[PDB]
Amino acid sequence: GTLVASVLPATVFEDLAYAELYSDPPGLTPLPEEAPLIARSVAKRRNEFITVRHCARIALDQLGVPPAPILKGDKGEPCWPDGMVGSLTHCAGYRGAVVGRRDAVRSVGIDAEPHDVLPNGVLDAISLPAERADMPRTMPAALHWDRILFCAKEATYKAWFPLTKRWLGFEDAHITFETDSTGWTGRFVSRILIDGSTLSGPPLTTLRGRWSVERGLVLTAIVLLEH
């Protein structure tokens, strides 16, 4: 239950919490207030939705937030409790939540991916030329740098959207990577190439994150601090 800790910072760790699961536990019914969000959904969506919301409430509870419904807002963003921020993700074999206190943490974005190739047609749609040239030179050959780049792009959108309420395209952020000498973890910086105007606080120009590959999964997390 600690895979996502591999991408969280020590700077604000006291004001963060996380919860993850690797399958959908039986006997979970949706909260009534949340059931409308999946009323028309296929079973696989209904089950992961319920599991991921379960993780969110577990993590929120660790920070002293009483369990409650988490509704869906502008463009599908989760509606966190007052004073809280967070991000949610699922893929085959992963469901996870990371949350933080807004006094310490301005935004969170996470993503989980299978550590598998992407098709070369999806690569150009999700990358800049500079990323396709640079990431090979910064990442050991054993890693699926196409998939890790994509994971970081998704973490970037999720950290961005709640602060801007604007689209961020695959071509609107240039992501540069570093690999730790261990070769399965590292850091990235997402450089925003468009207007970074936010609803409050300073504009978004650069979002720093972490990445990890373990147990056939990529994880990324961005944790923007309140300054």
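Just count from 1 along the sequence shown to find any residue number.
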Please compare 168-176 with 37-45 and say which has the higher mean C-alpha temperature factor in the record.
37-45
Return whichever of 138-146 and 89-97 has the greater mean Cα B factor according to the PDB record.
138-146
Among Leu28, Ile70, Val52, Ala59, where is the Cα B factor highest in this entry?
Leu28
Could you check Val108, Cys151, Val117, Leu123 and tell me which one carries the biggest Cα B-factor in the deposited entry?
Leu123
Can you tell me whether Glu113 has a C-alpha B-factor in the lowest, middle or highest third compared with the other modelled residues of the same chain?
lowest
Based on the deposited C-alpha B factors for this chain, I'd like to know if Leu163 is in the lowest, middle or highest third.
middle
Would you mind ranking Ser190 by its C-alpha B-factor against the rest of the chain and naming the third, lowest, middle or highest?
lowest
In terms of the chain's CA B-factor thirds, is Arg215 lowest, middle or highest?
highest
Using only modelled residues of the chain, where does the Cα B factor of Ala155 rank: lowest third, middle third or highest third?
lowest
